[PDB]
Amino acid sequence: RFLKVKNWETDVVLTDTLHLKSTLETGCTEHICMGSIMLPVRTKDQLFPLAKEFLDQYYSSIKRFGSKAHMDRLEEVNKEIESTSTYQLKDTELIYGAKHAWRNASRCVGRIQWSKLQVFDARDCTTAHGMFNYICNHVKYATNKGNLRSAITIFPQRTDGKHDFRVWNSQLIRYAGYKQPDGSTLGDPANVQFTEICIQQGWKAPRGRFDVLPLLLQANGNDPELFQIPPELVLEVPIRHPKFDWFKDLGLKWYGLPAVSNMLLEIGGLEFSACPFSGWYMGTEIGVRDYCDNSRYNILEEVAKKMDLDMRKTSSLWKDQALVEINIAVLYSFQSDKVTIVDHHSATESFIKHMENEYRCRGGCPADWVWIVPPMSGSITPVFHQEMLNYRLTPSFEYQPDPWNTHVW
Amino acid sequence: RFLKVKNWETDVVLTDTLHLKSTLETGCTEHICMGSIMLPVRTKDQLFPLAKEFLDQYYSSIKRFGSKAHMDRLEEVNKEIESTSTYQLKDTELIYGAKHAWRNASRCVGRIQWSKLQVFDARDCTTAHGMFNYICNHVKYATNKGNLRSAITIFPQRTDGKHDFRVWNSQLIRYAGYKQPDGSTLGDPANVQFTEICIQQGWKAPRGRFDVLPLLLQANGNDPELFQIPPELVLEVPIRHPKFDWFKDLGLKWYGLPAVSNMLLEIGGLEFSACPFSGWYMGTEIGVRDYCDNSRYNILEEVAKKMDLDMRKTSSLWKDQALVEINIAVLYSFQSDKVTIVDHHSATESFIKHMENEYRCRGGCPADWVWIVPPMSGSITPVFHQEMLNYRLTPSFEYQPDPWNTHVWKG
Ligand code: HEM
Ligand code: HEM
Ligand SMILES: Cc1cc(N)nc2cc(-c3cncc(CN)c3)ccc12
Ligand SMILES: Cc1cc(N)nc2cc(-c3cncc(CN)c3)ccc12
Ligand SMILES: C[C@H](O)[C@H](O)[C@H]1CNc2nc(N)[nH]c(=O)c2N1
Ligand SMILES: C[C@H](O)[C@H](O)[C@H]1CNc2nc(N)[nH]c(=O)c2N1
Ligand SMILES: [Zn+2]
């Protein structure tokens with residue numbers, strides 16, 4: 001129960017003690033591994049032990065476990081819970097909580113940067129208009145003229161479940177998707193239902209292939225509100241190839257800022273249902289997933305056509321060939337435009353370093369092999385031959401149902 | 001209890017009930033997933049339950065459950081166990097066993113072919129020489145002039161664990177690897193330790209970058225003996241590229257017959273410690289892993305150099321580019337030589353179809369996502385988007401420690 005993990009490319013062996021501090025469950029049992037499954041209103045008695053575990057962590061990290069300051073805080077929170085049926089995080093705890101939620105995100109390959117996170121406390125927010133303002137400042141700060149900076153903005157915590165703050169967008173910036181008359185799909189197919197929700201709520205769509213969606217912001221449980229992100233804040237990159245001049249005529253571009261906004265940040269038992277966070281892209285997320293997935297932009301066949309590869313048989317590996325050039329082009333475009341981006345070799349190497357460090361300083365590092373290994377060229381990245389243990393630590397980012405299935409108007 | 005798996009590219013959802021018939025463990029708990037860990041004497045006390053459940057399985061498959069034949073076979077195995085501390089499988093039972101072992105192999109993307117397995121019963125073998133002869137015949141039959149056929153050869157089951165049959169090779173056909181004094185490796189780095197053993201056991205090593213290794217064969221718990229596979233039986237393919245003429249000048253070849261010989265076949269409680277089995281290659285096993293793994297032939301740089309790629313910055317994706325062309329060349333070479341091979345696109349597609357079929361007629365299909373997804377171009381194959389449940393059924397193929405780490409030498 002002091003588990004070893006081995007790297008089969010380097011014979012490096014690491015001992016994991018940190019999994020011992022695991023709270024939540026995995027959905028796996030002794031009889032079935034569910035490690036590839038995408039997606040497997042608290043009470044007063046539920047909250048205090050949750051609050052205690054977190055404060056114990058916190059005061060331990062500032063080298064003050066068991067101190068007067070620690071005890072007094074524990075007492076203070078304990079009083080507040082009995083009385084208010086919840087409690088409030090101190091600024092310093094809020095920052096620790098956010099940074100550590102990222103650190104514990106076993107599906108995230110970029111966690112080597114985990115401690116350099118910019119936390120924007122928006123707990124004083126009361127309206128969607130106010131949310132729009134916090135969100136615009138997030139986007140501007142994080143983008144930073146192409147020199148991306150990681151950030152999270154944290155809106156008021158859940159209270160009774162009827163006063164929830166939600167960003168209805170899955171990411172702050174995404175391209176729209178419209179289903180065409182001939183059955184096809186213009187723009188981004190993944191966003192079709194949401195794109196039609198905006199329209200079905202008053203959005204006037206330009207119906208282009210790359211229309212930046214509007215923000216749908218829900219404050220204190222009210223009906224959500226539409227806002228257009230000032231285009232001057234949406235940093236976009238035209239996609240060209242360093243060797244293929246025709247590449248530009250495909251007319252592709254992507255946004256520079258990956259900013260996920262549909263997850264729930266849980267700290268000390270407290271639930272932050274609106275907490276959009278952002279960093280910078282790994283090249284493959286755009287090139288492999290966004291562009292080439294069949295259920296997305298699916299440009300492979302079109303690109304392969306321009307290269308004049310042999311698309312008659314699958315054993316020509318024309319898909320693979322095209323896949324590579326596309327990802328070469330995405331990296332090349334971003335880099336030329338001085339927008340931050342990381343290639344899948346650099347990032348997986350970074351993560352391997354990060355692993356070493358966490359075993360060396362923390363005694364372990366939760367990691368989800370199925371998500372850490374890039375969607376192309378898997379086995380020539382170091383992570384592929386790295387055994388990983390996946391377990392659930394807290395604070396954490398968790399999934400939550402899409403608002404339109406829950407909300408009442 | 002039901003369980004549903006979803007394909008996120010097709011929105012197809014399937015319901016698994018087969019996982020309920022799962023006996024063995026995964027290595028996972030509620031608090032930890034170990035799905036990415038590579039590796040997660042048996043008396044009569046536990047043998048007859050294992051026997052009964054297998055026989056129940058078998059006679060269900062042939063639609064004779066509870067029949068006279070079923071009952072009497074149960075009684076027969078019962079008395080033979082209490083009398084002899086073990087039992088023998090009938091031919092039918094052994095054939096069913098090998099087939100279903102393959103079928104239950106959750107890390108195998110090629111199980112669409114599981115029903116068509118040629119089962120060679122070598123349970124009468126008593127010596128290493130007899131082993132050599134059975135294996136030659138396997139290799140000849142399986143290779144079939146390049147038109148490959150699935151086969152498995154089953155040698156005698158373990159008894160007291162002191163008289164094991166083992167094939168000390170991890171694969172029947174595999175290239176030697178020699179650690180040079182300067183630190184470099186000639187041949188296959190994967191096979192260096194096994195090569196050294198062979199050399200120690202008296203193998204005159206040619207010391208080239210593609211020397212077929214000698215068979216090292218152990219019968220009845222005796223010390224292993226060296227045999228050379230006759231070259232005319234070892235089908236190989238020169239690797240060339242369809243556009244790049246300099247590729248052939250890299251001097252690469254590879255064998256056609258993937259024949260894994262180091263695993264353990266468990267059927268109805270019995271353990272077959274030596275049971276070589278072979279199919280045919282998915283292209284990526286050779287082009288991605290054998291050639292481009294840093295701990296193998298690792299030709300990426302010499303290929304990249306010849307392509308004149310920008311190798312000074314890894315964001316040029318020159319590694320990625322070199323990898324595709326090598327896999328292109330492996331596929332081209334095999335196809336041109338009419339030696340059976342399958343590309344990772346065809347194979348994963350086939351497996352998805354198989355998998356769906358298995359949910360419809362069997363109620364599930366145990367699958368290890370981590371191993372099924374191909375080591376290149378993962379998300380543009382359909383298995384990447386396929387949720388998969390991993391559980392262990394019997395009959396099954398299991399791993400065993402390397403024989404040289406556990407063998408009592410006689411002298
Ligand atoms: C700074 C550069 C970063 C990079 C390169 C990066 C990379 C990635 C990648 C490739 C994934 C896989 C998800 C997918 O393929 O769609 C992922 C998931 C994730 N990232 Fe990171 N990330 C970065 C920053 C951050 C930050 C700042 C946070 C939080 C504050 C974060 C939290 C997460 C979480 C929670 C997941 C998985 C969510 C889930 O359960 O689905 N990441 N990341
Ligand atoms: C006929 C074409 C076949 C193909 C293309 C195929 C393909 C594969 C591949 C690529 C792997 C993963 C190995 C790796 O990448 O390192 C695998 C695993 C496996 N295969 Fe197949 N296979 C085939 C036939 C067979 C046969 C005939 C058997 C046995 C009778 C078999 C039993 C297994 C088992 C037990 C594993 C698990 C390996 C392990 O646990 O280490 N397969 N297969
Ligand atoms: C901060 C961040 C940066 C980045 N480059 N990719 C992310 C990807 C995700 C992510 C996790 N699960 C599902 C999705 C589907 N859009 C995305 C979340 C955050 C990310
Ligand atoms: C029947 C069969 C066919 C095939 N094409 N590849 C296999 C690959 C393996 C396999 C699994 N893990 C590790 C290795 C390394 N030798 C091989 C086992 C059986 C295979
Ligand atoms: C079913 C499967 O788990 C699903 O396709 C996962 C696999 N691994 C992934 N890995 C990353 N990084 N991102 C993803 O969206 C997924 N999707
Ligand atoms: C550590 C990790 O489990 C290991 O590298 C696995 C991952 N997936 C694999 N998948 C296949 N097909 N073959 C392999 O050898 C491996 N190796
Ligand atoms: Zn698991």
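Below, chains carry the letters A, B, ... as their sequence lines are ordered, and counting in each starts from 1.
- Taken to the nearest 0.5 Å, the OG atom of B:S295 stands 8.0 Å off from the CG atom of A:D11.
- Closest approach of A:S379 to B:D293, counting heavy atoms only: OG-OD1, 3.9 Å.
- Interface residue B:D343: only side-chain heavy atoms are found under 4.5 Å from chain A.
- Heavy atoms of A:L323 lying under 4.5 Å from chain B belong exclusively to its side chain.
- Proximity to chain B is limited to the side chain of A:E325, based on heavy atoms less than 4.5 angstrom apart.
- For a residue to count as touching a neighbouring chain, one of its non-hydrogen atoms must lie under 4.5 Å from one of that chain's; by this rule A:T23 touches chain B with the backbone only.
- Residues B:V373 and A:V373 are not in side-chain contact: their nearest non-hydrogen atoms beyond the backbone lie 4.5 Å or more apart.
- Using a 4.5 Å heavy-atom cutoff, the side chains of A:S22 and B:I32 are not in contact.
- Interface summary for chain B: among A:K313, A:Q321, A:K6, the most heavy-atom pairs under 4.5 angstrom belong to A:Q321.
- Inter-residue side-chain proximity for A:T314 and B:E349 is flagged as unmet; no heavy-atom pair is nearer than 4.5 Å.
- Contact annotation for A:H19: only side-chain heavy atoms (C-beta onward) come within less than 4.5 Å of a heavy atom of chain B.
- Interface with chain B: from residues 298-306 of chain A, residues A:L300 qualify, criterion being any non-hydrogen pair under 4.5 Å.
- Of the options A:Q335, A:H345, A:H344, a side-chain hydrogen bond (donor to acceptor under 3.5 Å, both in side chains) to B:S315 is made by A:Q335 and by none of the others.
- Within a 6.0 Å sphere centred on NZ of A:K353, heavy atoms belonging to other residues, nucleotides or ligands number 12 at most.
- Annotation: maximal heavy-atom pairing with chain A below 4.5 Å, among B:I380, B:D16, B:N327, B:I341, occurs at B:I380.
- Ranked by heavy-atom pairs shorter than 4.5 Å toward chain A, the options B:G283, B:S36, B:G378 are led by B:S36.
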>> For A:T29 and B:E30: C-alpha separation, side-chain torsions, deciding distance, then whether side chain to side chain contact (heavy atoms under 4.5 Å, CB included) applies.
In response: CA-CA 5 Å; A:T29 86; B:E30 270 93 1; 4.3 Å; yes
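- In this structure, no portion of A:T10 lies under 4.5 Å from any heavy atom of chain B.
- Taking 4.5 Å as the limit, every side-chain heavy atom of A:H385 sits out of range of all side-chain heavy atoms of B:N294.
- The contact between A:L331 and chain B is made entirely by side chain atoms (from C-beta outward), counting heavy-atom distances below 4.5 Å.
- Heavy atoms of A:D368 lying under 4.5 Å from chain B are absent altogether.
- Within a 6.0 Å radius of NZ in A:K179, no more than 12 heavy atoms belonging to other residues, nucleotides or ligands are found.
- Interface remark: of the candidates B:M34, B:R289, B:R392, B:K319, B:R289 forms the most heavy-atom pairs closer than 4.5 Å to chain A.
- For A:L3, the part sitting under 4.5 Å from any heavy atom of chain B is the side chain, from C-beta outward, and nothing else.
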>> Between A:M38 and B:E387, does the side chain to side chain contact (heavy atoms under 4.5 Å, CB included) criterion hold? Intermediate values first, please.
In response: CA-CA 7 Å; A:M38 191 103 112; B:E387 295 185 322; 3.4 Å; yes
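- Pairing each heavy atom of A:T26 with each of B:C33, the nearest pair is CG2-N, 4.2 Å.
- Chain A forms the most heavy-atom pairs under 4.5 Å with one residue out of B:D320, B:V324, B:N390, and that residue is B:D320.
- Between A:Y391 and B:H31, the shortest heavy-atom contact is CB-O, 3.2 Å.
- Annotation: side chain of A:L39 is in contact with side chain of B:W8 (closest heavy-atom distance under 4.5 Å).
- Neither the backbone nor the side chain of A:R296 comes within contact range of chain B, judged by heavy atoms closer than 4.5 Å.
- To the nearest 0.5 angstrom, A:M376 atom CE is 6.0 Å from B:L317 atom CG.
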